[PDB]
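**Q** A single structure is presented below for examination.
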Amino acid sequence: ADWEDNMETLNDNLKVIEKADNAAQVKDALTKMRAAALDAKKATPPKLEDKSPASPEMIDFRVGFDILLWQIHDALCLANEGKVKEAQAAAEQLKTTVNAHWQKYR
Amino acid sequence: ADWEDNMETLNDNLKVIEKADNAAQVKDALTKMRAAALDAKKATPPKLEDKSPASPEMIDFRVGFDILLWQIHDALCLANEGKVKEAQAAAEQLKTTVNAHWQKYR
Amino acid sequence: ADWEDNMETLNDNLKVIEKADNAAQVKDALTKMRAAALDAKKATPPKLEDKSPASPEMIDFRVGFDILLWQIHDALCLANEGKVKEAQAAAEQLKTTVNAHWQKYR
Ligand SMILES: [Bi+3]
Ligand SMILES: [Co+2]
Ligand code: NA
């Protein structure tokens, strides 16, 4: 899977979170999101393929995934305890970050 | 703004956690600390301004701020469980790491 | 410590978690694992010494340690809630990821 596939996986699991009812579905979708984000952090996005891996652009690209993962973790902690609608509301803020990172580097 | 202002934000929110009264204030201060630590991880400290962004020194700098981020996460997870005193005790460890990073990279 | 010693610390604390009785031991071993993974993010495997510190191989190395850190976080959050057995089960899968990362870069 490339970076685009990871972005698509993030978006699909965000859809699953939006269409979720219990906390187990939310937990599974958030674990999938974390795995996809960690896989995409290793990749080079299409916009930065003309840059060296040592460029500051790639460093900022990798650091943005830290914010992404912290938001994923906030949602996952809201889901681990019991609050499902709160986890969905937190993932609503997560979709903004996901799609902004997607459209910024594609 | 810059790395020094991020360190000042970290110190101010550490003092806020020290003077905190409930879990909401601790969580807010720790979220602000997480944001400031990410911003500082995106920055270049004064001592390392003569090093390339991909030098081992800068990599170790970003890893040290990752350590700070994980300690902030532990404090925030302790705060989300309603343990305000334990969250503040964990934030006492944050103060040592912040002071060490300040003295090491200023 | 270098990469091999950090991996050894990870494996020792995994064995401690496997043969743990209470939650405090699991939490202490997981904190040691977190410290070891964070420190190993600054290390270089002997077969990648000639490579660039920001080369895609080293990027995959550090982000694999990020994956380890997030799994450690899941185990530690399970242990904080008293779920010692779920934490041990998550540590079982964590050992698989540790062994995969070991076989990949050794
Ligand atoms: Bi938690
Ligand atoms: Co957590
Ligand atoms: Na880097």
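Chain labels A, B, ... are given in the sequence in which chains occur in the structure tokens; within each chain residues are numbered consecutively from 1, and ligands are likewise numbered from 1 in the order shown.
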Using only C-alpha atoms and all ligand atoms, what does the table of chain B residues within 10 Å of ligand 1 look like, with each row giving the shortest atom pair and its distance in Å to one decimal, sorted by chain and ascending number, as a tab-separated table?
**A**
```
residue	atom	partner	partner_atom_place_in_ligand_line	distance
B:73	CA	ligand 1	1 (Bi)	8.3
B:74	CA	ligand 1	1 (Bi)	7.9
B:75	CA	ligand 1	1 (Bi)	9.8
B:76	CA	ligand 1	1 (Bi)	8.0
B:77	CA	ligand 1	1 (Bi)	4.7
B:78	CA	ligand 1	1 (Bi)	7.7
B:79	CA	ligand 1	1 (Bi)	9.4
B:80	CA	ligand 1	1 (Bi)	7.5
B:81	CA	ligand 1	1 (Bi)	8.2
```
**Q** Write out as a PyMOL selection string each polymer residue (protein, DNA or RNA) that has an atom no more than 7 Å from ligand 3, with only C-alpha atoms and all ligand atoms counted.
**A** (chain A and resi 54+59) or (chain B and resi 54+59) or (chain C and resi 54+59)
**Q** Using only C-alpha atoms, which residue out of C:88, C:103, C:71, C:55 lies closest to chain A?
**A** C:55
**Q** Starting from chain A, keep only residues with some atom at most 8 Å from an atom of chain C, counting only C-alpha atoms, and report them as a PyMOL selection string.
**A** chain A and resi 35+38+41-42+53-54
**Q** Once you have the residues from the selection above, write them out as a compact mmCIF listing (two decimals), in the first residue's frame, restricted to C-alpha atoms.
**A**
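Saved result, part.txt, follows:
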```txt
# COMPACT_ATOMS: atom_id res chain seq x y z
CA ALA A 35 -1.92 1.44 11.25
CA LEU A 38 1.93 4.86 10.62
CA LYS A 41 4.39 8.27 7.70
CA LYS A 42 7.09 6.12 6.07
CA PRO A 53 14.41 12.58 2.01
CA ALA A 54 16.58 14.95 4.09
```
**Q** So that I can check the surroundings of residue 20 of chain B, please list as an mmCIF file with C-alpha atoms, in the first residue's frame every protein, DNA and RNA residue that reaches within 12 Å of it, counting only C-alpha atoms and ignoring chain neighbours fewer than 3 positions away.
**A**
```cif
data_model
loop_
_atom_site.group_PDB
_atom_site.id
_atom_site.type_symbol
_atom_site.label_atom_id
_atom_site.label_comp_id
_atom_site.auth_asym_id
_atom_site.auth_seq_id
_atom_site.Cartn_x
_atom_site.Cartn_y
_atom_site.Cartn_z
ATOM 1 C CA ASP B 12 3.667 28.208 31.784
ATOM 2 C CA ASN B 13 1.340 25.239 31.354
ATOM 3 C CA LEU B 14 3.473 23.230 33.790
ATOM 4 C CA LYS B 15 2.923 25.982 36.357
ATOM 5 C CA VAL B 16 -0.795 25.902 35.504
ATOM 6 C CA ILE B 17 -0.858 22.142 36.152
ATOM 7 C CA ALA B 23 -9.060 17.537 35.883
ATOM 8 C CA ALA B 24 -10.385 19.833 33.139
ATOM 9 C CA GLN B 25 -7.680 22.444 33.753
ATOM 10 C CA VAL B 26 -4.987 19.743 33.818
ATOM 11 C CA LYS B 27 -6.261 18.291 30.537
ATOM 12 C CA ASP B 28 -6.405 21.722 28.882
ATOM 13 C CA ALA B 29 -2.870 22.591 29.992
ATOM 14 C CA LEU B 30 -1.585 19.200 28.828
ATOM 15 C CA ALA B 79 -5.853 13.170 34.021
ATOM 16 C CA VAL B 84 -5.660 15.026 39.343
ATOM 17 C CA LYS B 85 -3.004 14.493 42.026
ATOM 18 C CA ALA B 87 -1.496 13.770 36.906
ATOM 19 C CA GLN B 88 0.291 16.607 38.713
ATOM 20 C CA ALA B 89 2.860 14.166 40.115
ATOM 21 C CA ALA B 91 3.767 16.548 35.427
#
```
**Q** With distances taken over only C-alpha atoms and all ligand atoms, which residue among B:48, B:69, B:37, B:98 lies nearest ligand 2?
**A**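 Going through B:48, B:69, B:37, B:98 one by one, the smallest distance to ligand 2 is for B:69.
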**Q** If we count only C-alpha atoms, what is near residue 3 of chain A at a cut-off of 12 Å, once residues fewer than 2 positions away on the same chain are taken out, given as JSON, numbers by chain?
**A** {"A": [1, 5, 6, 7, 8, 9, 10, 36, 37, 38, 39, 40, 41, 42, 43, 44, 45, 46, 47, 48, 49, 61, 101, 102, 103, 105, 106]}
**Q** Write a file of the selected residues as a PDB file, in the first residue's frame, keeping N, CA and C atoms.
**A**
```pdb
ATOM      1  N   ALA A   1       0.827  -1.201   0.000  1.00  0.00           N
ATOM      2  CA  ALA A   1       0.000   0.000   0.000  1.00  0.00           C
ATOM      3  C   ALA A   1       0.865   1.255   0.000  1.00  0.00           C
ATOM      4  N   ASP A   5      -3.167   4.954  -0.909  1.00  0.00           N
ATOM      5  CA  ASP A   5      -3.966   3.868  -0.351  1.00  0.00           C
ATOM      6  C   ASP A   5      -4.184   4.060   1.144  1.00  0.00           C
ATOM      7  N   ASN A   6      -3.168   4.563   1.849  1.00  0.00           N
ATOM      8  CA  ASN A   6      -3.317   4.819   3.278  1.00  0.00           C
ATOM      9  C   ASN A   6      -4.310   5.946   3.537  1.00  0.00           C
ATOM     10  N   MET A   7      -4.284   6.993   2.708  1.00  0.00           N
ATOM     11  CA  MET A   7      -5.272   8.061   2.845  1.00  0.00           C
ATOM     12  C   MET A   7      -6.683   7.537   2.598  1.00  0.00           C
ATOM     13  N   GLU A   8      -6.845   6.681   1.586  1.00  0.00           N
ATOM     14  CA  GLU A   8      -8.155   6.095   1.317  1.00  0.00           C
ATOM     15  C   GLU A   8      -8.618   5.222   2.477  1.00  0.00           C
ATOM     16  N   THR A   9      -7.697   4.463   3.077  1.00  0.00           N
ATOM     17  CA  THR A   9      -8.045   3.647   4.237  1.00  0.00           C
ATOM     18  C   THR A   9      -8.477   4.518   5.411  1.00  0.00           C
ATOM     19  N   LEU A  10      -7.753   5.615   5.650  1.00  0.00           N
ATOM     20  CA  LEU A  10      -8.140   6.555   6.697  1.00  0.00           C
ATOM     21  C   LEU A  10      -9.546   7.090   6.458  1.00  0.00           C
ATOM     22  N   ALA A  36      -2.776   2.616   9.281  1.00  0.00           N
ATOM     23  CA  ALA A  36      -2.643   3.287   7.990  1.00  0.00           C
ATOM     24  C   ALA A  36      -1.807   4.556   8.107  1.00  0.00           C
ATOM     25  N   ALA A  37      -1.997   5.319   9.185  1.00  0.00           N
ATOM     26  CA  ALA A  37      -1.235   6.550   9.366  1.00  0.00           C
ATOM     27  C   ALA A  37       0.240   6.257   9.606  1.00  0.00           C
ATOM     28  N   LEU A  38       0.542   5.232  10.409  1.00  0.00           N
ATOM     29  CA  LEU A  38       1.935   4.857  10.624  1.00  0.00           C
ATOM     30  C   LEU A  38       2.578   4.333   9.347  1.00  0.00           C
ATOM     31  N   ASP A  39       1.807   3.653   8.494  1.00  0.00           N
ATOM     32  CA  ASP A  39       2.356   3.204   7.219  1.00  0.00           C
ATOM     33  C   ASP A  39       2.598   4.379   6.278  1.00  0.00           C
ATOM     34  N   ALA A  40       1.706   5.372   6.296  1.00  0.00           N
ATOM     35  CA  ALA A  40       1.869   6.528   5.421  1.00  0.00           C
ATOM     36  C   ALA A  40       2.992   7.442   5.892  1.00  0.00           C
ATOM     37  N   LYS A  41       3.290   7.441   7.194  1.00  0.00           N
ATOM     38  CA  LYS A  41       4.385   8.265   7.698  1.00  0.00           C
ATOM     39  C   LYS A  41       5.723   7.858   7.088  1.00  0.00           C
ATOM     40  N   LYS A  42       5.859   6.593   6.682  1.00  0.00           N
ATOM     41  CA  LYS A  42       7.093   6.115   6.071  1.00  0.00           C
ATOM     42  C   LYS A  42       7.200   6.464   4.594  1.00  0.00           C
ATOM     43  N   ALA A  43       6.096   6.829   3.952  1.00  0.00           N
ATOM     44  CA  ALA A  43       6.070   7.008   2.510  1.00  0.00           C
ATOM     45  C   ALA A  43       6.484   8.426   2.123  1.00  0.00           C
ATOM     46  N   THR A  44       6.741   8.611   0.831  1.00  0.00           N
ATOM     47  CA  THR A  44       7.005   9.928   0.277  1.00  0.00           C
ATOM     48  C   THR A  44       5.786  10.371  -0.515  1.00  0.00           C
ATOM     49  N   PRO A  45       5.135  11.477  -0.146  1.00  0.00           N
ATOM     50  CA  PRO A  45       3.920  11.871  -0.852  1.00  0.00           C
ATOM     51  C   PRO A  45       4.240  12.338  -2.260  1.00  0.00           C
ATOM     52  N   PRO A  46       3.271  12.266  -3.179  1.00  0.00           N
ATOM     53  CA  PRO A  46       3.559  12.618  -4.580  1.00  0.00           C
ATOM     54  C   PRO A  46       4.041  14.045  -4.771  1.00  0.00           C
ATOM     55  N   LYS A  47       3.614  14.980  -3.920  1.00  0.00           N
ATOM     56  CA  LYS A  47       4.037  16.365  -4.092  1.00  0.00           C
ATOM     57  C   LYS A  47       5.499  16.559  -3.708  1.00  0.00           C
ATOM     58  N   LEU A  48       6.022  15.722  -2.811  1.00  0.00           N
ATOM     59  CA  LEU A  48       7.391  15.845  -2.330  1.00  0.00           C
ATOM     60  C   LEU A  48       8.327  14.807  -2.943  1.00  0.00           C
ATOM     61  N   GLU A  49       7.936  14.193  -4.061  1.00  0.00           N
ATOM     62  CA  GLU A  49       8.785  13.188  -4.690  1.00  0.00           C
ATOM     63  C   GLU A  49       9.985  13.791  -5.409  1.00  0.00           C
ATOM     64  N   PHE A  61       6.292  16.937   6.930  1.00  0.00           N
ATOM     65  CA  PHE A  61       5.340  15.909   6.523  1.00  0.00           C
ATOM     66  C   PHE A  61       5.257  14.795   7.558  1.00  0.00           C
ATOM     67  N   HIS A 101      -4.276  16.861   5.286  1.00  0.00           N
ATOM     68  CA  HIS A 101      -2.999  16.240   4.952  1.00  0.00           C
ATOM     69  C   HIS A 101      -3.057  15.567   3.587  1.00  0.00           C
ATOM     70  N   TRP A 102      -4.210  14.989   3.242  1.00  0.00           N
ATOM     71  CA  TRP A 102      -4.364  14.345   1.942  1.00  0.00           C
ATOM     72  C   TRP A 102      -4.252  15.362   0.811  1.00  0.00           C
ATOM     73  N   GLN A 103      -5.031  16.442   0.887  1.00  0.00           N
ATOM     74  CA  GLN A 103      -5.046  17.433  -0.181  1.00  0.00           C
ATOM     75  C   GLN A 103      -3.792  18.297  -0.199  1.00  0.00           C
ATOM     76  N   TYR A 105      -0.576  17.207   0.267  1.00  0.00           N
ATOM     77  CA  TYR A 105       0.593  16.503  -0.241  1.00  0.00           C
ATOM     78  C   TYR A 105       0.311  15.640  -1.463  1.00  0.00           C
ATOM     79  N   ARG A 106      -0.918  15.623  -1.968  1.00  0.00           N
ATOM     80  CA  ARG A 106      -1.227  14.819  -3.146  1.00  0.00           C
ATOM     81  C   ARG A 106      -0.810  15.546  -4.422  1.00  0.00           C
TER      82      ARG A 106
END
```
**Q** As an exercise, work out the distance from atom CA of residue 18 of chain C to atom CA of residue 34 of chain C in Å and give it to one decimal place.
**A**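 Atom CA of residue 34 of chain C lies 16.5 Å from atom CA of residue 18 of chain C.
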**Q** Please return, as an MDAnalysis selection string, all residues of chain A that DSSP assigns to helix (DSSP H, G or I) on the basis of the backbone.
**A** chainID A and resid 3:18 23:41 46:48 56:81 84:105
**Q** Mind writing the picked residues with C-alpha atoms as a CSV table (one decimal), in the first residue's frame?
**A**
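Okay, this is what ended up in part30.csv:
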```csv
chain,number,residue,atom,x,y,z
A,3,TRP,CA,0.5,6.8,0.6
A,4,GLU,CA,-2.7,7.3,-1.4
A,5,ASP,CA,-4.0,3.9,-0.4
A,6,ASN,CA,-3.3,4.8,3.3
A,7,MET,CA,-5.3,8.1,2.8
A,8,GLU,CA,-8.2,6.1,1.3
A,9,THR,CA,-8.0,3.6,4.2
A,10,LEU,CA,-8.1,6.6,6.7
A,11,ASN,CA,-11.2,8.1,4.9
A,12,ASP,CA,-13.0,4.7,4.8
A,13,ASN,CA,-12.5,4.1,8.5
A,14,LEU,CA,-13.6,7.6,9.2
A,15,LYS,CA,-16.8,6.7,7.3
A,16,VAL,CA,-17.1,3.6,9.5
A,17,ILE,CA,-16.7,5.7,12.6
A,18,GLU,CA,-19.4,8.0,11.4
A,23,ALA,CA,-17.5,1.0,20.9
A,24,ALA,CA,-15.9,-2.1,19.4
A,25,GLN,CA,-16.5,-0.9,15.8
A,26,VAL,CA,-15.0,2.4,16.7
A,27,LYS,CA,-12.0,0.7,18.3
A,28,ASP,CA,-11.4,-1.5,15.3
A,29,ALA,CA,-11.7,1.4,12.8
A,30,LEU,CA,-9.4,3.6,14.9
A,31,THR,CA,-6.8,0.8,15.1
A,32,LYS,CA,-7.0,0.5,11.3
A,33,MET,CA,-6.6,4.3,11.1
A,34,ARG,CA,-3.5,4.2,13.3
A,35,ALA,CA,-1.9,1.4,11.2
A,36,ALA,CA,-2.6,3.3,8.0
A,37,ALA,CA,-1.2,6.6,9.4
A,38,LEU,CA,1.9,4.9,10.6
A,39,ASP,CA,2.4,3.2,7.2
A,40,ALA,CA,1.9,6.5,5.4
A,41,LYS,CA,4.4,8.3,7.7
A,46,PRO,CA,3.6,12.6,-4.6
A,47,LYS,CA,4.0,16.4,-4.1
A,48,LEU,CA,7.4,15.8,-2.3
A,56,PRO,CA,12.7,20.0,5.7
A,57,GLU,CA,9.4,19.5,3.8
A,58,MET,CA,9.7,15.7,4.5
A,59,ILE,CA,10.4,16.4,8.1
A,60,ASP,CA,7.3,18.6,8.5
A,61,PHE,CA,5.3,15.9,6.5
A,62,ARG,CA,6.4,13.3,9.1
A,63,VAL,CA,5.7,15.5,12.1
A,64,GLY,CA,2.1,16.2,10.9
A,65,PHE,CA,1.5,12.5,11.3
A,66,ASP,CA,2.3,13.0,15.0
A,67,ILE,CA,-0.7,15.3,15.3
A,68,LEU,CA,-2.8,12.9,13.3
A,69,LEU,CA,-1.8,10.0,15.6
A,70,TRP,CA,-2.5,12.0,18.7
A,71,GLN,CA,-6.0,12.8,17.5
A,72,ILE,CA,-6.5,9.1,16.6
A,73,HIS,CA,-5.3,8.3,20.1
A,74,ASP,CA,-7.7,10.7,21.7
A,75,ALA,CA,-10.6,9.1,19.8
A,76,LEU,CA,-9.3,5.6,20.8
A,77,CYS,CA,-9.2,6.6,24.5
A,78,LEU,CA,-12.7,8.0,24.3
A,79,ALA,CA,-13.7,4.6,22.7
A,80,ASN,CA,-11.8,2.4,25.1
A,81,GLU,CA,-13.6,3.7,28.2
A,84,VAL,CA,-19.0,6.4,21.7
A,85,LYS,CA,-20.7,9.6,20.5
A,86,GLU,CA,-17.8,11.5,22.0
A,87,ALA,CA,-15.4,9.3,20.1
A,88,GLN,CA,-17.4,10.1,16.9
A,89,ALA,CA,-17.3,13.8,17.6
A,90,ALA,CA,-13.5,13.6,18.1
A,91,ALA,CA,-13.2,11.7,14.9
A,92,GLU,CA,-15.1,14.5,13.2
A,93,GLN,CA,-12.1,16.7,14.0
A,94,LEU,CA,-9.9,13.9,12.9
A,95,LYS,CA,-11.5,13.9,9.4
A,96,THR,CA,-10.4,17.5,8.9
A,97,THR,CA,-6.8,16.7,9.7
A,98,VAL,CA,-6.9,13.6,7.5
A,99,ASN,CA,-8.3,15.3,4.4
A,100,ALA,CA,-6.1,18.4,4.9
A,101,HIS,CA,-3.0,16.2,5.0
A,102,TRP,CA,-4.4,14.3,1.9
A,103,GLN,CA,-5.0,17.4,-0.2
A,104,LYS,CA,-1.8,19.2,0.9
A,105,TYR,CA,0.6,16.5,-0.2
```
**Q** Provide the atom CA of residue 2 of chain C to atom CA of residue 50 of chain B distance in Å, to one decimal place.
**A**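 Separation between atom CA of residue 2 of chain C and atom CA of residue 50 of chain B: 25.6 Å.
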